[PDB]
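Peer 1: Take a look and give me a structure for this.
(chains A, B, C, D, E, F, G and H, ligands or ions: 3)
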Amino acid sequence: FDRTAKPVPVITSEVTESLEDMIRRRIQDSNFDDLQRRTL
Amino acid sequence: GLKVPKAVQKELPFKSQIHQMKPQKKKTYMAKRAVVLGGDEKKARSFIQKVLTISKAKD
Amino acid sequence: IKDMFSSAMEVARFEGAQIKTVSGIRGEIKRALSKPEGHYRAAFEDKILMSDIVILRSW
Amino acid sequence: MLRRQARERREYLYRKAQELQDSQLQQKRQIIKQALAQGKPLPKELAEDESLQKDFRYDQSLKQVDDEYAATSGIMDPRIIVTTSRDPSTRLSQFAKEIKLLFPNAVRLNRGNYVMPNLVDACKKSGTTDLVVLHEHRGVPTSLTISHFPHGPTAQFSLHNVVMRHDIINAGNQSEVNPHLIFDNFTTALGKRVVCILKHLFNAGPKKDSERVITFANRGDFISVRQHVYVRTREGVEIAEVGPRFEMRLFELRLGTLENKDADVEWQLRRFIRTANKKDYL
Amino acid sequence: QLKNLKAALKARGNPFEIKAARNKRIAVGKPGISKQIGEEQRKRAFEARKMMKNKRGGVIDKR
Amino acid sequence: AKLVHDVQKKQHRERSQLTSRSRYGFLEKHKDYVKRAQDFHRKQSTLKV
Amino acid sequence: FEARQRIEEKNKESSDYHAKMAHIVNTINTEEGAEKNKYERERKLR
RNA sequence: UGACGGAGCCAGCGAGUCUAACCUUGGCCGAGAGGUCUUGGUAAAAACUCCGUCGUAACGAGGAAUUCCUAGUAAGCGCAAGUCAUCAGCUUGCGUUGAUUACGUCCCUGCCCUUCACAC
Ligand SMILES: [Mg+2]
Ligand SMILES: [Mg+2]
Ligand SMILES: [Mg+2]
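Peer 2: Numbers count the residues shown, from 1 in each chain, chains lettered A, B, ... in the order given. Ligands and ions are numbered 1, 2, ... in the order given. See below for the structure:
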């Protein structure tokens, strides 16, 4: 039978490791998307 | 037909206030007074009603 | 909904299945109801009526 | 107060309507500028529009964050109130506290018998910038709605696989520094809109050596939220979960405060359309 | 947590992957590890079914 | 009509409500549902205004 | 789990199918359209 | 700081020609389909005020540890709605009655910040 919507993703160990590496890379490069105070 | 909630109805601008008419229950004196012509005129008041009903539906 | 499934275990298999009424209102099987057996909850894109009949297309 | 907010919002709605009309004229001025610089002939409609050429003389000297946040983006820090549904269970109260600790300038307010129209009006007086309301089901958080004052937008989310810090033994206390923010894989115009709403909840200008990082990672429209504390080592960086974990999926976004159920819907989730599962909007 | 992290790292040179209860008189399980195995086992099972769908032969090894 | 048989353009007769459910009323069809949906939206639009 | 597999397979098959029809339609227009426009030019020459 | 009965009386949310059971015993009509009836079982504002009566196997308000909470808040009481995600093993709204204790301190525990006059 057909299903209307994709099931909610399951947080398995591999998914966490994928998330973990992305965070580690961004910190290492020190690139973050954060609000920057305007001048004046 | 749509029935506006009284809460919305109460706080409406003067230009847009829906005129909802309450039924009369105490018999008015004029309602107790008026004379209705019966018999021959009754046959001549139904008929005009019958004619106008056909004419609208035809149109 | 009722009479589609005979026990809640059947509904467990078909959770999330697409269903529609005769009227064309699409929907989903959300969850199985504990009481009575076989009843379940379904959410439709619009309000359905009692006269309507829900159908699950299976092969 | 009440008159000014009504008047200001009407002025905003009028301004947006004109800007949509003015978009065509803005494109036309761009074509004129390119032709003058490059030397290409103008299109026929522009070549014959005497009014535009005259008006171009004045308009030649004409030159991001979302409009609602533009006024105070990076100038005033946000002020946040985190509340819950009526008669909250104990677990939601603990969860509401965790959300309070997540945002540096959040305050936890008890919602016992507070009326929703009264709630926003009280918050608008006190200068509150954002309001967060949490819902629960048998002590498991299910929904989260974020409303930006004075006139919206209101973003509603559904929380899945929630794991609170209270479920951790000997976890310790958090650090409350201005955290670093990571927004990954937000590409569509809606995605940028969601990022802007979540970004402005935090104070501007975190210190460069701040050792707390918050990451919102979009993976198939299920925005994963994680909180970490990092230490820069000699051969890399090591990070540790502080929590909580939860995946939050947008399902509505309205141009108005959460009280106004009549607010125009900027975007909604259409679950029963035929091609619902095919495309991912965020 | 962060101060404890620094102390450990200077000595050397994720508590959310465990579900822990409270002793009424402690680590109870491994959700991430258990779900990976519980999801992978049905995953190879599904791969077997899709292979088995349209076959009438098969290798019969009596050894 | 070009390159089409008359058999192709045959009226498909449309069913009725089951006898077991006959109490509840007429089985709505798509045309019936459209009348409901438009009517509700028309009222809701004015009520919103 | 079966729900995840079925949806992914349907999307992939849908994506591949649309790719094929677009390919065979475009190739017919490009190559045969050239021959048509070539012939139309010869007839105009006549 | 009870149970039973009676009396008095007070809310606010909510308006899609839409709103809602199951299994049986039999009569009659009908070519059938079915129609109508008959029949047993199963299931499915409160607080508050006043008056009258009685009367004080498991468990009798829940250990250690741990969590939360500062005003229309905690707590008690019911009534509605189910609004494309979640929810009925329930969720969200609505009104009613409505407190005690703090509103100081950095002593302990954590987190954070620092090293254009006059007067200092
Ligand atoms: Mg309470
Ligand atoms: Mg209650
Ligand atoms: Mg609740």
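Peer 1: Kindly state the neighbouring-residue count (a burial measure) for residue D:114.
Peer 2: Around residue D:114 there are 13 other residues, counting by other C-beta atoms under 10 Å in any protein chain shown. Heads up, the C-betas are built off the backbone N, CA and C, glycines and all.
Peer 1: list the contacts for residue D:281?
Peer 2: Contacts for residue D:281 (C-beta atoms under 8 Å, 6 or more residues apart in numbering or on different chains) come out as D:188, D:190-191, D:221, D:267.
Peer 1: at 7 Å what do you get?
Peer 2: D:188, D:190, D:221 (C-beta atoms under 7 Å, 6 or more residues apart in numbering or on different chains).
Peer 1: does the first one really touch residue D:282, like I thought?
Peer 2: Yes. Taking contacts as C-beta atoms under 7 Å, residue D:188 lies within contact range of residue D:282: 6.3 Å.
Peer 1: Residue D:146: what secondary structure?
Peer 2: Counting by DSSP: H, G, I helix; E, B strand; the rest coil, the backbone at residue D:146 sits in strand.
Peer 1: does it have beta-bridge partners, and which?
Peer 2: residue D:132, residue D:155 (DSSP bridges).
Peer 1: same question, residue C:42
Peer 2: Assigned bridge partners for residue C:42, using DSSP bridges, are residue C:29.
Peer 1: Could you measure from it over to residue C:19?
Peer 2: 6 Å (C-beta to C-beta, to the nearest Å).
Peer 1: Is chain D within reach of the longest helix seen in chain E?
Peer 2: Secondary structure of chain E per DSSP state H: the longest helix is helix E:31-52. No. Judged by C-beta under 7 Å from any C-beta of the partner chain, helix E:31-52 stays clear of chain D, getting no closer than 8.4 Å.
Peer 1: In PDB, could you pull the C-alpha coordinates for the one helix or strand residue B:44 maps to?
Peer 2: Of the helices and strands defined by DSSP states H and E, residue B:44 is found in helix B:40-58. Extracted C-alpha coordinates of helix B:40-58, given in PDB (Å, rounded to 0.1, in the frame of the first residue of the first chain):
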ATOM      1  CA  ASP B  40     -64.200  36.300  -3.600                       C
ATOM      2  CA  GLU B  41     -61.100  38.400  -3.000                       C
ATOM      3  CA  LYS B  42     -59.300  35.400  -1.500                       C
ATOM      4  CA  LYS B  43     -59.600  33.700  -4.900                       C
ATOM      5  CA  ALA B  44     -58.300  36.900  -6.500                       C
ATOM      6  CA  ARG B  45     -55.300  37.100  -4.200                       C
ATOM      7  CA  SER B  46     -54.100  33.500  -4.600                       C
ATOM      8  CA  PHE B  47     -54.300  33.800  -8.300                       C
ATOM      9  CA  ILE B  48     -52.000  36.800  -8.600                       C
ATOM     10  CA  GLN B  49     -49.600  34.900  -6.400                       C
ATOM     11  CA  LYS B  50     -49.900  31.900  -8.700                       C
ATOM     12  CA  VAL B  51     -49.200  34.000 -11.800                       C
ATOM     13  CA  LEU B  52     -46.200  35.800 -10.400                       C
ATOM     14  CA  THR B  53     -44.700  32.500  -9.300                       C
ATOM     15  CA  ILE B  54     -44.800  31.100 -12.800                       C
ATOM     16  CA  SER B  55     -43.400  34.300 -14.300                       C
ATOM     17  CA  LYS B  56     -40.400  34.300 -12.100                       C
ATOM     18  CA  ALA B  57     -39.500  30.700 -12.700                       C
ATOM     19  CA  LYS B  58     -40.000  31.100 -16.400                       C
END
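Peer 1: Which strands and helices lie in contact with it?
Peer 2: Helices and strands touching helix B:40-58, as assessed by 3 or more C-beta pairs under 7 Å, 6 or more residues apart in numbering or on different chains; DSSP states H and E, are absent.
Peer 1: how far out from the middle of the chain is it?
Peer 2: 18 Å (C-alpha atoms, centre = their mean, to the nearest Å).
Peer 1: What of stretch D:63-78?
Peer 2: With C-alpha atoms, centre = their mean, you get 12 Å for stretch D:63-78.
Peer 1: where does the stretch 151-282 of chain D come near chain E, residue by residue?
Peer 2: D:163, D:167-169, D:171-172, D:175, D:211, D:229, D:231, D:233, D:238, D:240-243, D:245.
Peer 1: Right, and chain E sits closest to which residue of chain G?
Peer 2: At 5.3 Å from chain E, residue G:1 is the closest residue in chain G, using C-beta to the nearest C-beta.
Peer 1: That residue contacts residue E:42, correct?
Peer 2: Yes. Between residue G:1 and residue E:42 there is a contact under C-beta under 7 Å: 5.3 Å.
Peer 1: What ranges does chain F have for its helices?
Peer 2: According to DSSP H, the helices that chain F contains are F:30-48.
Peer 1: Close to chain D: what parts of it are there?
Peer 2: Counting by C-beta under 7 Å from any C-beta, the residues of chain F near chain D are residue F:48.
Peer 1: which residue does chain F bring closest to chain C?
Peer 2: Counting by C-beta to the nearest C-beta, chain F gets nearest chain C through residue F:33, at 4.0 Å.
Peer 1: Neighbours of residue 30, how many?
Peer 2: Going with chain A. Quick note: residue A:30 (other C-beta under 10 Å) scores 10 neighbours.
Peer 1: That was the other one, I meant chain E.
Peer 2: Neighbours around residue E:30, by other C-beta under 10 Å: 14.
Peer 1: cool, residue D:200 as well?
Peer 2: The number of residues near residue D:200, taken as other C-beta under 10 Å, comes to 22.
Peer 1: how far away is the spatially closest residue to it that is not a sequence neighbour from residue A:38?
Peer 2: Nearest residue to residue D:200 in three dimensions, chain neighbours excluded: residue D:69, at 4.9 Å (C-beta to C-beta, 6 or more residues apart in numbering or on different chains). Separation of residue D:69 from residue A:38 (C-beta to C-beta) stands at 12 Å.
Peer 1: okay, those two: which has more neighbours?
Peer 2: Comparing residue D:69 with residue A:38 by other C-beta under 10 Å, the one with more neighbours is residue D:69, at 18 against 12.
Peer 1: hmm, who's touching the host helix or strand of the more buried one?
Peer 2: Remark: residue D:69 resides in helix D:67-70, with elements defined by DSSP H and E. Contacting residues not belonging to helix D:67-70 are listed as D:148, D:152-153, D:196, D:200 [C-beta under 7 Å, 6+ apart].
Peer 1: Can I get that helix as PDB, trimmed to CA atoms?
Peer 2: Only the C-alpha atoms of helix D:67-70 are listed here, as PDB (Å, rounded to 0.1, in the frame of the first residue of the first chain):
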ATOM      1  CA  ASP D  67      12.300  43.400   7.700                       C
ATOM      2  CA  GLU D  68      10.800  42.700  11.200                       C
ATOM      3  CA  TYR D  69      14.300  42.100  12.600                       C
ATOM      4  CA  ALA D  70      16.000  44.800  10.500                       C
END
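Peer 1: Just the buried positions in that helix, please.
Peer 2: By 16 or more other C-beta atoms under 10 Å in any protein chain shown, the buried positions in helix D:67-70 come out as D:68-69.
Peer 1: next one: stretch C:3-16
Peer 2: Neighbour count says stretch C:3-16 has C:4-5, C:8, C:11, C:14-16 buried, by 16+ other C-beta under 10 Å.
Peer 1: again, but for stretch E:22-33
Peer 2: Buried-residue list, stretch E:22-33, by 16+ other C-beta under 10 Å: E:31-32.
Peer 1: same check, this time on stretch C:39-57
Peer 2: For stretch C:39-57, by 16+ other C-beta under 10 Å, it's C:39-40, C:42, C:44-45, C:48-49, C:51-54, C:56.
Peer 1: tell me, which of those make contact with RNA strand H?
Peer 2: C:45, C:49, C:51 (C-beta under 7 Å from any atom of the strand).
Peer 1: Which of the three states applies to the second one?
Peer 2: What that stands for is residue C:49. Criterion first, three-state DSSP; result for residue C:49: coil.
Peer 1: Report how many residues lie close to the closest residue to it other than its chain neighbours.
Peer 2: Of all residues not flanking residue C:49 in the chain, residue F:28 sits nearest, at 6.1 Å (C-beta to C-beta, 6+ apart). When neighbours are counted by other C-beta under 10 Å, residue F:28 registers 22.
Peer 1: Many thanks, we can stop here.
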